[PDB]
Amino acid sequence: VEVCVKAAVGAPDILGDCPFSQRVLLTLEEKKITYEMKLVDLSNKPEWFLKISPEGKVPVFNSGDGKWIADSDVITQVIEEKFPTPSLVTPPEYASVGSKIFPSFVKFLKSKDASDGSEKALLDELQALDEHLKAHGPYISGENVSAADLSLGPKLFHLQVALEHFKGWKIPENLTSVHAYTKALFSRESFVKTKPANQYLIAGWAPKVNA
């Protein structure tokens, strides 16, 4: 088992901040699968990587056969089929939970005009996630962590770190179910082992925020 993930911006021999690559890693960590992690510097991609990912995209996964798979959605489904135990299956009904939070965070983060509706749109998506988590918590599905949490968790981590750093913005205390969820998700062994260091997540966003 092998996976190519994004290396840290300015530190090519260190794990980077790709939220989709972290979703793959969280899945491998929760399922206790032995895997080789291959770090890819996206600013200076090597030859071995360009051969297996010609579009130059990460994550890219290998199950055992030399067949490299792209798209973290296909990758996590491939892992679930080949390694069904322990279960990470999220019921299809809760698949879309918190999906609009990440692009709304990115839109608000990149915003330089406070008079636009980017702060409100993001608050609405977070209010809707708190509603789901109050009715179906602590996680997206039951009391147990599932696939959808490993997709959303990293996206929420970027939201937390980047919005605190660049705008001094935090998720309101009003959303208790969201806070309980991030506190539980981020403190999990798998998350502690695969999260980028604050420094590297900021170095990842900095040129995008300033552009």
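Position 1 is the first residue in the sequence shown; the rest follow in order.
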Looking at the deposited entry, does 123-131 or 72-80 carry the larger mean Cα B-factor? 123-131
Mean C-alpha temperature factor, higher of 192-200 and 17-25: 192-200
In this crystal structure's PDB entry, the residue among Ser146, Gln160, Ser53, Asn174 with the greatest CA B factor is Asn174
Going by what the PDB entry lists, where does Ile101 fall on CA B-factor within its chain: lowest, middle or highest third? middle
Please say which third, lowest, middle or highest, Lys155 falls into when its CA temperature factor is compared across its chain. lowest
Just say lowest, middle or highest third for the CA B-factor of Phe186 relative to the other modelled residues in its chain. lowest
Ranked C-alpha temperature factor of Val1 among modelled chain residues, by third: middle
Using the B-factor values recorded in the entry, state whether the Cα atom of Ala211 falls in the lowest, middle or highest third among the modelled residues of its chain. highest
